[PDB]
>>> print(open('data_19.csv').read())   # CSV, C-alpha atoms and all ligand atoms
chain,number,residue,atom,x,y,z
X,1,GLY,CA,0.0,0.0,0.0
X,2,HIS,CA,1.0,3.6,0.2
X,3,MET,CA,2.2,3.4,3.8
X,4,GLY,CA,4.6,0.9,5.2
X,5,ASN,CA,4.1,-0.6,8.6
X,6,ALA,CA,5.9,2.2,10.5
X,7,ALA,CA,4.2,5.1,8.8
X,8,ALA,CA,0.8,3.4,9.0
X,9,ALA,CA,1.0,2.8,12.7
X,10,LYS,CA,2.3,6.4,13.3
X,11,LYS,CA,-0.6,7.9,11.3
X,12,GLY,CA,-3.2,5.7,13.0
X,13,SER,CA,-2.0,6.7,16.4
X,14,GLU,CA,-1.9,10.4,15.4
X,15,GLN,CA,-5.5,10.2,14.2
X,16,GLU,CA,-6.5,8.5,17.5
X,17,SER,CA,-4.8,11.2,19.5
X,18,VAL,CA,-6.7,13.8,17.6
X,19,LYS,CA,-9.9,12.1,18.6
X,20,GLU,CA,-8.9,12.2,22.3
X,21,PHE,CA,-7.9,15.8,22.0
X,22,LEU,CA,-11.2,16.7,20.4
X,23,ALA,CA,-13.3,14.8,22.9
X,24,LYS,CA,-11.6,16.7,25.7
X,25,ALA,CA,-12.0,20.0,23.8
X,26,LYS,CA,-15.7,19.3,23.4
X,27,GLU,CA,-16.3,18.7,27.1
X,28,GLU,CA,-14.4,21.9,28.0
X,29,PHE,CA,-16.3,23.9,25.4
X,30,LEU,CA,-19.7,22.6,26.6
X,31,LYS,CA,-18.8,23.3,30.3
X,32,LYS,CA,-17.9,26.8,29.3
X,33,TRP,CA,-20.9,27.2,27.1
X,34,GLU,CA,-23.2,26.3,30.0
X,35,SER,CA,-21.5,28.5,32.5
X,36,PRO,CA,-19.7,31.6,31.1
X,39,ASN,CA,-20.0,43.3,32.7
X,40,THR,CA,-16.4,42.2,32.7
X,41,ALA,CA,-15.2,45.9,32.2
X,42,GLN,CA,-16.4,49.3,31.2
X,43,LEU,CA,-15.6,51.9,28.6
X,44,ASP,CA,-13.7,54.3,30.9
X,45,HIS,CA,-11.2,51.5,31.5
X,46,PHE,CA,-9.8,51.9,28.0
X,47,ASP,CA,-8.1,54.7,25.9
X,48,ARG,CA,-9.5,54.7,22.3
X,49,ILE,CA,-6.6,54.9,19.9
X,50,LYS,CA,-7.6,54.2,16.3
X,51,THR,CA,-10.2,52.4,14.2
X,52,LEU,CA,-8.9,49.1,12.8
X,53,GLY,CA,-11.9,48.1,10.7
X,54,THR,CA,-15.6,48.7,10.1
X,55,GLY,CA,-18.6,46.6,9.4
X,56,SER,CA,-22.4,47.2,9.3
X,57,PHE,CA,-22.4,46.7,13.1
X,58,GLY,CA,-20.1,49.5,14.0
X,59,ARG,CA,-16.3,49.4,14.2
X,60,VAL,CA,-13.2,47.7,15.6
X,61,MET,CA,-10.9,50.1,17.5
X,62,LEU,CA,-7.4,49.7,18.9
X,63,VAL,CA,-7.7,50.5,22.6
X,64,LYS,CA,-5.2,50.5,25.5
X,65,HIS,CA,-6.4,49.2,28.8
X,66,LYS,CA,-5.4,52.0,31.2
X,67,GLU,CA,-4.7,50.1,34.4
X,68,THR,CA,-2.5,47.4,32.7
X,69,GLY,CA,-1.3,49.3,29.6
X,70,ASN,CA,-2.2,46.4,27.4
X,71,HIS,CA,-3.6,46.9,23.9
X,72,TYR,CA,-6.8,45.2,22.7
X,73,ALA,CA,-9.1,45.3,19.7
X,74,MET,CA,-12.5,46.5,20.8
X,75,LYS,CA,-15.5,45.6,18.6
X,76,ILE,CA,-18.2,48.2,19.1
X,77,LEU,CA,-21.7,47.3,18.0
X,78,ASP,CA,-24.5,50.0,17.9
X,79,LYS,CA,-27.5,48.2,19.4
X,80,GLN,CA,-30.1,50.0,17.3
X,81,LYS,CA,-28.1,49.2,14.1
X,82,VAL,CA,-27.9,45.5,15.2
X,83,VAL,CA,-31.7,45.4,15.7
X,84,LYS,CA,-32.4,47.1,12.4
X,85,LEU,CA,-30.0,44.7,10.7
X,86,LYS,CA,-31.9,41.8,12.2
X,87,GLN,CA,-28.6,40.5,13.8
X,88,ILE,CA,-29.6,40.2,17.5
X,89,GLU,CA,-29.2,36.4,17.5
X,90,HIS,CA,-25.9,36.6,15.4
X,91,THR,CA,-24.4,39.1,17.9
X,92,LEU,CA,-25.4,37.2,21.1
X,93,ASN,CA,-24.3,33.9,19.5
X,94,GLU,CA,-20.9,35.4,18.5
X,95,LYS,CA,-20.2,36.5,22.0
X,96,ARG,CA,-21.3,33.1,23.4
X,97,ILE,CA,-19.0,31.2,21.0
X,98,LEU,CA,-16.0,33.5,21.6
X,99,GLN,CA,-16.5,33.0,25.4
X,100,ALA,CA,-16.5,29.3,25.1
X,101,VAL,CA,-13.9,28.2,22.5
X,102,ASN,CA,-10.2,27.8,23.1
X,103,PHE,CA,-7.8,27.2,20.2
X,104,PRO,CA,-4.5,28.8,19.1
X,105,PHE,CA,-5.9,30.3,15.9
X,106,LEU,CA,-9.2,31.6,17.4
X,107,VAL,CA,-9.0,35.1,18.8
X,108,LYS,CA,-9.3,35.4,22.6
X,109,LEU,CA,-12.0,37.5,24.1
X,110,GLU,CA,-10.8,39.3,27.2
X,111,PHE,CA,-13.7,41.5,28.2
X,112,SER,CA,-17.3,42.3,27.2
X,113,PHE,CA,-19.8,44.9,28.4
X,114,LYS,CA,-22.6,47.1,27.2
X,115,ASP,CA,-24.0,50.5,27.9
X,116,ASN,CA,-27.1,52.5,27.0
X,117,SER,CA,-26.2,52.5,23.2
X,118,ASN,CA,-23.5,49.9,22.3
X,119,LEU,CA,-22.2,46.4,22.9
X,120,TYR,CA,-18.5,46.0,23.5
X,121,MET,CA,-16.3,42.9,22.7
X,122,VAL,CA,-12.7,43.4,23.8
X,123,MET,CA,-10.4,40.8,22.3
X,124,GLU,CA,-6.7,40.3,21.7
X,125,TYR,CA,-5.2,42.8,19.3
X,126,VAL,CA,-3.9,40.9,16.2
X,127,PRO,CA,-1.3,43.4,14.9
X,128,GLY,CA,-0.2,41.8,11.6
X,129,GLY,CA,-3.1,42.9,9.5
X,130,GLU,CA,-5.7,41.2,7.3
X,131,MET,CA,-4.6,38.3,5.2
X,132,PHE,CA,-6.6,40.0,2.5
X,133,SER,CA,-4.2,43.0,2.3
X,134,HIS,CA,-1.1,40.8,2.3
X,135,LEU,CA,-2.5,38.6,-0.5
X,136,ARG,CA,-3.5,41.5,-2.7
X,137,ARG,CA,-0.1,43.2,-2.0
X,138,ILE,CA,2.1,40.1,-2.6
X,139,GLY,CA,-0.2,39.0,-5.5
X,140,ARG,CA,-0.3,35.3,-4.6
X,141,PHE,CA,1.3,33.1,-2.1
X,142,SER,CA,3.7,30.3,-3.0
X,143,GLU,CA,2.2,26.8,-2.4
X,144,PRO,CA,4.3,26.4,0.8
X,145,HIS,CA,3.1,29.7,2.1
X,146,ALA,CA,-0.5,28.9,1.2
X,147,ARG,CA,-0.2,25.5,2.7
X,148,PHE,CA,1.1,26.9,6.0
X,149,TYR,CA,-2.1,29.0,6.2
X,150,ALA,CA,-4.3,26.3,4.9
X,151,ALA,CA,-3.1,23.8,7.6
X,152,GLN,CA,-4.2,26.2,10.3
X,153,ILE,CA,-7.7,26.5,8.8
X,154,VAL,CA,-7.9,22.7,8.5
X,155,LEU,CA,-7.0,22.3,12.2
X,156,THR,CA,-9.4,25.2,13.2
X,157,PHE,CA,-12.3,23.7,11.3
X,158,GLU,CA,-11.5,20.2,12.6
X,159,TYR,CA,-11.8,21.8,16.1
X,160,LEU,CA,-14.9,23.8,15.4
X,161,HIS,CA,-16.7,21.0,13.6
X,162,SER,CA,-16.0,18.7,16.5
X,163,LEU,CA,-18.0,21.2,18.6
X,164,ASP,CA,-20.7,21.0,16.0
X,165,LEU,CA,-20.0,24.6,14.9
X,166,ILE,CA,-20.2,25.5,11.2
X,167,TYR,CA,-18.2,28.7,10.5
X,168,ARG,CA,-19.8,29.7,7.1
X,169,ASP,CA,-17.8,32.9,6.4
X,170,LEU,CA,-14.3,31.8,5.6
X,171,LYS,CA,-12.4,34.4,3.4
X,172,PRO,CA,-9.1,36.2,3.5
X,173,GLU,CA,-11.0,39.3,4.8
X,174,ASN,CA,-11.9,37.3,8.0
X,175,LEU,CA,-8.3,36.1,8.7
X,176,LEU,CA,-5.8,38.2,10.6
X,177,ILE,CA,-2.1,37.6,10.8
X,178,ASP,CA,-0.5,37.8,14.3
X,179,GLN,CA,3.0,38.8,15.3
X,180,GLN,CA,4.4,35.4,14.7
X,181,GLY,CA,2.8,35.1,11.2
X,182,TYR,CA,0.0,32.7,12.3
X,183,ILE,CA,-3.7,33.1,11.5
X,184,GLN,CA,-6.3,34.4,13.9
X,185,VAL,CA,-10.0,34.0,13.3
X,186,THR,CA,-12.1,36.7,15.0
X,187,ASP,CA,-15.6,36.9,13.4
X,188,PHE,CA,-18.3,34.4,14.2
X,189,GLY,CA,-21.3,36.3,13.1
X,190,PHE,CA,-22.6,33.5,10.9
X,191,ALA,CA,-21.3,30.5,12.9
X,192,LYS,CA,-23.9,28.1,14.1
X,193,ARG,CA,-24.2,25.0,16.2
X,194,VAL,CA,-25.3,22.4,13.7
X,195,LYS,CA,-25.3,18.7,14.5
X,196,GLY,CA,-27.3,17.9,11.4
X,197,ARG,CA,-28.4,20.3,8.7
X,198,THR,CA,-29.2,24.0,8.5
X,199,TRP,CA,-30.8,26.2,5.8
X,200,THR,CA,-29.9,29.8,6.1
X,201,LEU,CA,-28.7,31.6,3.0
X,202,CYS,CA,-25.5,33.3,4.3
X,203,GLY,CA,-21.9,33.8,3.5
X,204,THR,CA,-19.9,35.7,0.8
X,205,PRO,CA,-20.7,35.1,-2.9
X,206,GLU,CA,-17.3,33.9,-4.0
X,207,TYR,CA,-17.1,31.4,-1.1
X,208,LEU,CA,-20.6,30.0,-1.1
X,209,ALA,CA,-20.9,26.2,-1.6
X,210,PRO,CA,-23.3,25.1,-4.4
X,211,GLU,CA,-25.8,23.6,-1.9
X,212,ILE,CA,-26.2,26.9,-0.2
X,213,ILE,CA,-26.8,28.7,-3.5
X,214,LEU,CA,-29.3,25.9,-4.4
X,215,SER,CA,-31.3,26.5,-1.2
X,216,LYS,CA,-30.7,23.0,0.1
X,217,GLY,CA,-30.3,21.9,3.7
X,218,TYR,CA,-26.6,21.8,4.2
X,219,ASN,CA,-24.0,20.8,6.7
X,220,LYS,CA,-20.4,21.4,7.8
X,221,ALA,CA,-19.2,20.4,4.4
X,222,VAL,CA,-19.8,23.9,3.2
X,223,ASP,CA,-16.8,24.9,5.3
X,224,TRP,CA,-14.6,22.4,3.4
X,225,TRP,CA,-15.8,23.8,0.1
X,226,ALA,CA,-14.9,27.3,1.3
X,227,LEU,CA,-11.5,26.0,2.3
X,228,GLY,CA,-11.0,24.9,-1.4
X,229,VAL,CA,-11.9,28.5,-2.5
X,230,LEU,CA,-9.5,29.9,0.1
X,231,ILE,CA,-6.6,27.7,-0.9
X,232,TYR,CA,-7.3,28.4,-4.5
X,233,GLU,CA,-7.4,32.2,-3.9
X,234,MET,CA,-4.2,32.2,-1.8
X,235,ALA,CA,-2.3,30.2,-4.4
X,236,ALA,CA,-3.7,31.9,-7.5
X,237,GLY,CA,-4.2,35.4,-6.1
X,238,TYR,CA,-7.8,35.4,-7.3
X,239,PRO,CA,-10.8,33.1,-6.5
X,240,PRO,CA,-12.0,30.2,-8.7
X,241,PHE,CA,-15.4,31.8,-9.3
X,242,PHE,CA,-15.7,35.4,-10.0
X,243,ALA,CA,-17.8,37.7,-12.2
X,244,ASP,CA,-19.2,41.2,-12.3
X,245,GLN,CA,-22.3,40.3,-10.4
X,246,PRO,CA,-23.0,37.6,-7.7
X,247,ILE,CA,-25.7,35.8,-9.8
X,248,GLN,CA,-23.1,35.1,-12.5
X,249,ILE,CA,-20.7,33.9,-9.8
X,250,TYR,CA,-23.3,31.5,-8.6
X,251,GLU,CA,-23.9,30.0,-12.0
X,252,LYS,CA,-20.2,29.3,-12.2
X,253,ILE,CA,-20.1,27.7,-8.7
X,254,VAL,CA,-22.9,25.3,-9.4
X,255,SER,CA,-21.5,24.3,-12.8
X,256,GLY,CA,-19.1,21.7,-11.7
X,257,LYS,CA,-16.3,23.4,-13.7
X,258,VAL,CA,-13.2,25.0,-12.3
X,259,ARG,CA,-10.1,26.2,-14.1
X,260,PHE,CA,-6.6,26.3,-12.6
X,261,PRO,CA,-3.5,28.4,-13.3
X,262,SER,CA,-0.8,26.5,-15.1
X,263,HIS,CA,1.6,27.1,-12.1
X,264,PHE,CA,-0.6,25.1,-9.7
X,265,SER,CA,1.0,21.8,-8.9
X,266,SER,CA,-0.8,18.6,-9.7
X,267,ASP,CA,-1.1,17.8,-6.0
X,268,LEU,CA,-2.8,21.2,-5.4
X,269,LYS,CA,-5.2,20.7,-8.3
X,270,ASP,CA,-6.2,17.3,-7.1
X,271,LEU,CA,-6.8,18.6,-3.6
X,272,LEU,CA,-8.9,21.4,-5.0
X,273,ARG,CA,-11.0,19.2,-7.3
X,274,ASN,CA,-11.9,17.2,-4.2
X,275,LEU,CA,-12.7,20.2,-2.0
X,276,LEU,CA,-14.5,22.1,-4.8
X,277,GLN,CA,-16.6,19.1,-5.4
X,278,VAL,CA,-20.3,19.9,-6.2
X,279,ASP,CA,-21.3,16.3,-5.4
X,280,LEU,CA,-21.6,16.0,-1.6
X,281,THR,CA,-21.1,12.3,-1.7
X,282,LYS,CA,-17.6,12.9,-3.0
X,283,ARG,CA,-16.4,16.1,-1.3
X,284,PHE,CA,-13.4,15.8,1.0
X,285,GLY,CA,-14.3,16.6,4.5
X,286,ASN,CA,-17.7,15.0,4.0
X,287,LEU,CA,-16.8,11.3,3.6
X,288,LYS,CA,-16.4,8.4,6.0
X,289,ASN,CA,-12.8,9.3,6.5
X,290,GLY,CA,-13.7,12.8,7.6
X,291,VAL,CA,-10.9,15.4,7.9
X,292,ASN,CA,-8.3,12.7,7.3
X,293,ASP,CA,-9.0,12.8,3.6
X,294,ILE,CA,-7.7,16.4,3.7
X,295,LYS,CA,-4.9,16.1,6.2
X,296,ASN,CA,-3.5,12.9,4.6
X,297,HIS,CA,-3.6,14.3,1.0
X,298,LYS,CA,-0.4,14.5,-0.9
X,299,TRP,CA,-0.4,18.3,-1.0
X,300,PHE,CA,-0.1,18.2,2.8
X,301,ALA,CA,2.5,15.5,3.0
X,302,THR,CA,5.2,17.9,4.3
X,303,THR,CA,2.8,19.3,6.9
X,304,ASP,CA,3.6,18.4,10.5
X,305,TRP,CA,0.2,18.9,11.9
X,306,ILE,CA,1.2,18.9,15.6
X,307,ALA,CA,4.0,21.3,15.0
X,308,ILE,CA,1.5,23.7,13.2
X,309,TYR,CA,-0.8,23.4,16.2
X,310,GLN,CA,2.1,24.0,18.6
X,311,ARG,CA,3.1,27.1,16.6
X,312,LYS,CA,6.6,25.5,16.1
X,313,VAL,CA,6.7,26.0,12.3
X,314,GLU,CA,8.6,29.1,11.2
X,315,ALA,CA,6.1,31.2,9.3
X,316,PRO,CA,6.9,32.0,5.7
X,317,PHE,CA,6.1,35.7,6.4
X,318,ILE,CA,6.2,37.7,9.6
X,319,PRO,CA,4.3,41.0,9.3
X,320,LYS,CA,6.1,44.3,10.1
X,321,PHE,CA,6.0,44.8,13.8
X,322,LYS,CA,7.1,47.9,15.6
X,323,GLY,CA,5.6,48.7,19.1
X,324,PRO,CA,2.8,46.9,20.9
X,325,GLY,CA,0.2,49.4,19.7
X,326,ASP,CA,1.6,49.8,16.2
X,327,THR,CA,-1.2,49.8,13.6
X,328,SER,CA,1.0,50.2,10.5
X,329,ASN,CA,-0.3,46.9,9.0
X,330,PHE,CA,-3.9,48.3,9.0
X,331,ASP,CA,-5.5,50.8,6.6
X,332,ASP,CA,-6.8,54.1,7.8
X,333,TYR,CA,-10.5,54.4,8.5
X,334,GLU,CA,-12.6,57.6,9.1
X,335,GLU,CA,-12.9,58.2,12.9
X,336,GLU,CA,-16.5,58.5,14.2
X,337,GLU,CA,-17.0,59.4,17.8
X,338,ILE,CA,-18.5,56.8,20.2
X,339,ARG,CA,-21.6,58.6,21.4
X,340,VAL,CA,-23.5,57.1,24.3
X,341,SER,CA,-27.2,58.1,24.6
X,342,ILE,CA,-28.6,59.1,28.0
X,343,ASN,CA,-31.5,56.7,27.3
X,344,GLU,CA,-31.1,52.9,27.2
X,345,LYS,CA,-31.6,51.4,23.7
X,346,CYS,CA,-32.9,47.9,23.0
X,347,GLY,CA,-32.4,46.8,26.6
X,348,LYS,CA,-34.6,43.7,26.4
X,349,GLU,CA,-33.2,42.5,23.1
X,350,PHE,CA,-29.7,42.3,24.5
X,351,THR,CA,-30.4,41.3,28.1
X,352,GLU,CA,-28.2,38.2,27.8
X,353,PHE,CA,-25.1,40.1,26.4
G,1,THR,CA,-5.7,36.5,-19.0
G,2,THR,CA,-7.7,35.1,-16.1
G,3,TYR,CA,-6.0,37.7,-13.8
G,4,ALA,CA,-7.1,40.4,-16.3
G,5,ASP,CA,-10.7,39.0,-16.1
G,6,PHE,CA,-10.5,39.1,-12.3
G,7,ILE,CA,-9.6,42.7,-12.5
G,8,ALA,CA,-12.4,43.4,-14.9
G,9,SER,CA,-15.0,41.8,-12.5
G,10,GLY,CA,-14.4,44.8,-10.2
G,11,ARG,CA,-14.6,42.4,-7.2
G,12,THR,CA,-11.0,42.8,-6.3
G,13,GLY,CA,-11.5,44.6,-3.0
G,14,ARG,CA,-12.9,43.5,0.4
G,15,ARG,CA,-16.1,41.5,-0.2
G,16,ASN,CA,-19.2,41.8,2.0
G,17,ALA,CA,-21.3,38.9,3.2
G,18,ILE,CA,-24.8,38.6,1.8
H,401,LIG,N1,-8.8,41.3,17.1
H,401,LIG,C1,-8.5,42.2,16.1
H,401,LIG,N2,-7.3,42.7,16.0
H,401,LIG,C2,-6.9,43.5,15.1
H,401,LIG,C3,-7.7,43.9,14.1
H,401,LIG,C4,-9.1,43.5,14.1
H,401,LIG,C5,-10.0,43.8,13.1
H,401,LIG,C6,-11.2,43.3,13.0
H,401,LIG,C7,-11.6,42.4,14.0
H,401,LIG,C8,-10.8,42.0,15.0
H,401,LIG,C9,-9.5,42.6,15.1
>>> encode(input="data_19.csv", output="structure tokens")
Amino acid sequence: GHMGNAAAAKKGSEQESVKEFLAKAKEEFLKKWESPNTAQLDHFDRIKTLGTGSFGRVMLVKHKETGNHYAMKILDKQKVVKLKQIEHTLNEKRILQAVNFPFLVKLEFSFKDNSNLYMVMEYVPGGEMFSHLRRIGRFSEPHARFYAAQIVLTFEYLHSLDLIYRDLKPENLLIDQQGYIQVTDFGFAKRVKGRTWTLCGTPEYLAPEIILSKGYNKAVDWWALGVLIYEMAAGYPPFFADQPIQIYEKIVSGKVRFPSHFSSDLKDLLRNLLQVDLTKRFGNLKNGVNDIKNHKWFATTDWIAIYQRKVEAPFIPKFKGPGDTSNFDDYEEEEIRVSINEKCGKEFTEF
Amino acid sequence: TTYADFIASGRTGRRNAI
């Protein structure tokens, strides 16, 4: 066969150890999910806006008593209600409180006041993967593989907790000071033992079964991994067009084209992740995640060493001081106004 | 080229969720 006796026993043992880790990870998550005003605004100095979404914005802040820097996600409660994202917001906080994994951002504090909700998490200073990818053009296959392997492990972890992530893209991936990935946004993540049906995600990264309004499962995350690996290695995604509807037609078509510089191993991995047929998609078969981790394209990946953050990263972002923001774009600074009247108090009681 | 086509799509910047 492909493995001799020594490699075969080593791999089996490694896979078993993953099971034991994940079982313990699940019991820790569930304990924390079942039993979670950890600070206040005056405890931080607001430095600079790091990013904005429909919710509000993310600001670099310095915790005054300790001098530590953090990223503070500020959500305007009235905007959240108008956007119909109450459940998404409470769910994101609950996930962030309960998970623990080296590539998942760590929530330090959370609190709320009359007008806003606050999530204070570790500041990830190296910038968005998106910027780095667009600047560099494309990542070499070893560089893309280093990032991919972190997503594989992160999804292996999240899926064992029955969490589907559903919004993988370079825009949602931050680079930390050691060059490793951090995932921060969980606004579309959901606990899904079986199927779910919500149309959500980002056009270029949608699995065909979402587009086709089917009940779908965690395998949509493995399709999105295919799209991510493709985009990292090519510099552009496999399916693009002027308008989303044309992107969708391409996704569901079963056709994908590859750059001529893609290795054969990469193309084979991608044909099996970007597989429209669920009965054949890697990550969705009897062998589970092992079909991906054991694939030839990942043969040089030492999965434990990636997890332990013992692999030297191919790229280490520019790092000056602890509150340096040079790896982030400039955003327009809007003041954080706090109404004298409580807004949407009932909707956010649990936050 | 495919890259040129990507540029022509106009979806080269940060993409929003639906
Ligand atoms: N945690 C964190 N660190 C730096 C920048 C961010 C931008 C968006 C969300 C979270 C962030």
>>> residues_near_ligand(input="data_19.csv", ligand="ligand LIG 401 (chain H)", cutoff="9 Å", atoms="all atoms listed in the file", output="VMD selection string")
chain X and resid 51 to 55 59 to 62 72 to 75 107 to 109 122 to 130 174 to 178 184 to 187 327 330
>>> write_last_selection(input="data_19.csv", atoms="C-alpha atoms", output="PDB file, in the coordinates of the input")
ATOM      1  CA  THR X  51     -10.200  52.400  14.200  1.00  0.00           C
ATOM      2  CA  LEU X  52      -8.900  49.100  12.800  1.00  0.00           C
ATOM      3  CA  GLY X  53     -11.900  48.100  10.700  1.00  0.00           C
ATOM      4  CA  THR X  54     -15.600  48.700  10.100  1.00  0.00           C
ATOM      5  CA  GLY X  55     -18.600  46.600   9.400  1.00  0.00           C
ATOM      6  CA  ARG X  59     -16.300  49.400  14.200  1.00  0.00           C
ATOM      7  CA  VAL X  60     -13.200  47.700  15.600  1.00  0.00           C
ATOM      8  CA  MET X  61     -10.900  50.100  17.500  1.00  0.00           C
ATOM      9  CA  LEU X  62      -7.400  49.700  18.900  1.00  0.00           C
ATOM     10  CA  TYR X  72      -6.800  45.200  22.700  1.00  0.00           C
ATOM     11  CA  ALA X  73      -9.100  45.300  19.700  1.00  0.00           C
ATOM     12  CA  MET X  74     -12.500  46.500  20.800  1.00  0.00           C
ATOM     13  CA  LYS X  75     -15.500  45.600  18.600  1.00  0.00           C
ATOM     14  CA  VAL X 107      -9.000  35.100  18.800  1.00  0.00           C
ATOM     15  CA  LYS X 108      -9.300  35.400  22.600  1.00  0.00           C
ATOM     16  CA  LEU X 109     -12.000  37.500  24.100  1.00  0.00           C
ATOM     17  CA  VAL X 122     -12.700  43.400  23.800  1.00  0.00           C
ATOM     18  CA  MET X 123     -10.400  40.800  22.300  1.00  0.00           C
ATOM     19  CA  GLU X 124      -6.700  40.300  21.700  1.00  0.00           C
ATOM     20  CA  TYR X 125      -5.200  42.800  19.300  1.00  0.00           C
ATOM     21  CA  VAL X 126      -3.900  40.900  16.200  1.00  0.00           C
ATOM     22  CA  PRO X 127      -1.300  43.400  14.900  1.00  0.00           C
ATOM     23  CA  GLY X 128      -0.200  41.800  11.600  1.00  0.00           C
ATOM     24  CA  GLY X 129      -3.100  42.900   9.500  1.00  0.00           C
ATOM     25  CA  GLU X 130      -5.700  41.200   7.300  1.00  0.00           C
ATOM     26  CA  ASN X 174     -11.900  37.300   8.000  1.00  0.00           C
ATOM     27  CA  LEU X 175      -8.300  36.100   8.700  1.00  0.00           C
ATOM     28  CA  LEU X 176      -5.800  38.200  10.600  1.00  0.00           C
ATOM     29  CA  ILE X 177      -2.100  37.600  10.800  1.00  0.00           C
ATOM     30  CA  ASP X 178      -0.500  37.800  14.300  1.00  0.00           C
ATOM     31  CA  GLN X 184      -6.300  34.400  13.900  1.00  0.00           C
ATOM     32  CA  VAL X 185     -10.000  34.000  13.300  1.00  0.00           C
ATOM     33  CA  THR X 186     -12.100  36.700  15.000  1.00  0.00           C
ATOM     34  CA  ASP X 187     -15.600  36.900  13.400  1.00  0.00           C
ATOM     35  CA  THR X 327      -1.200  49.800  13.600  1.00  0.00           C
ATOM     36  CA  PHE X 330      -3.900  48.300   9.000  1.00  0.00           C
TER      37      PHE X 330
END
>>> residues_around(input="data_19.csv", residues="residue 8 of chain G", least_positions_apart="6", cutoff="10 Å", atoms="only C-alpha atoms", output="PyMOL selection string")
(chain X and resi 242-244) or (chain G and resi 2)
>>> residues_around(input="data_19.csv", residues="residue 12 of chain G", least_positions_apart="6", cutoff="12 Å", atoms="all atoms listed in the file", output="list in words")
residues 132, 133, 135, 136, 137, 139, 172, 173, 206, 233, 237, 238, 239, 242, 243 and 244 of chain X; 3, 4, 5 and 6 of chain G
>>> write_last_selection(input="data_19.csv", atoms="C-alpha atoms", output="PDB file, in the frame of the given file")
ATOM      1  CA  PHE X 132      -6.600  40.000   2.500  1.00  0.00           C
ATOM      2  CA  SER X 133      -4.200  43.000   2.300  1.00  0.00           C
ATOM      3  CA  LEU X 135      -2.500  38.600  -0.500  1.00  0.00           C
ATOM      4  CA  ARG X 136      -3.500  41.500  -2.700  1.00  0.00           C
ATOM      5  CA  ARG X 137      -0.100  43.200  -2.000  1.00  0.00           C
ATOM      6  CA  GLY X 139      -0.200  39.000  -5.500  1.00  0.00           C
ATOM      7  CA  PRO X 172      -9.100  36.200   3.500  1.00  0.00           C
ATOM      8  CA  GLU X 173     -11.000  39.300   4.800  1.00  0.00           C
ATOM      9  CA  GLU X 206     -17.300  33.900  -4.000  1.00  0.00           C
ATOM     10  CA  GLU X 233      -7.400  32.200  -3.900  1.00  0.00           C
ATOM     11  CA  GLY X 237      -4.200  35.400  -6.100  1.00  0.00           C
ATOM     12  CA  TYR X 238      -7.800  35.400  -7.300  1.00  0.00           C
ATOM     13  CA  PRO X 239     -10.800  33.100  -6.500  1.00  0.00           C
ATOM     14  CA  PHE X 242     -15.700  35.400 -10.000  1.00  0.00           C
ATOM     15  CA  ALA X 243     -17.800  37.700 -12.200  1.00  0.00           C
ATOM     16  CA  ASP X 244     -19.200  41.200 -12.300  1.00  0.00           C
TER      17      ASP X 244
ATOM     18  CA  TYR G   3      -6.000  37.700 -13.800  1.00  0.00           C
ATOM     19  CA  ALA G   4      -7.100  40.400 -16.300  1.00  0.00           C
ATOM     20  CA  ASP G   5     -10.700  39.000 -16.100  1.00  0.00           C
ATOM     21  CA  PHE G   6     -10.500  39.100 -12.300  1.00  0.00           C
TER      22      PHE G   6
END
>>> atom_distance(input="data_19.csv", atom1="atom CA of residue 337 of chain X", atom2="atom CA of residue 91 of chain X")
21.6 Å
>>> atom_distance(input="data_19.csv", atom1="atom CA of residue 320 of chain X", atom2="atom CA of residue 169 of chain X")
26.7 Å
>>> interface_residues(input="data_19.csv", of="chain G", to="chain X", cutoff="6 Å", atoms="only C-alpha atoms", output="PDB file with C-alpha atoms, in the coordinates of the input")
ATOM      1  CA  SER G   9     -15.000  41.800 -12.500  1.00  0.00           C
ATOM      2  CA  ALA G  17     -21.300  38.900   3.200  1.00  0.00           C
ATOM      3  CA  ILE G  18     -24.800  38.600   1.800  1.00  0.00           C
TER       4      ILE G  18
END
>>> residues_around(input="data_19.csv", residues="segment 210-226 of chain X", least_positions_apart="6", cutoff="9 Å", atoms="only C-alpha atoms", output="NGL selection string")
:X and (154 or 157 or 161 or 164-171 or 194-203 or 250 or 253-255 or 272 or 274-278 or 280 or 283-286)
>>> atom_distance(input="data_19.csv", atom1="atom CA of residue 316 of chain X", atom2="atom CA of residue 7 of chain G")
26.8 Å
>>> closest_residue(input="data_19.csv", among="X:291, X:318, X:271, X:346", to="residue 118 of chain X", atoms="all atoms listed in the file")
X:346
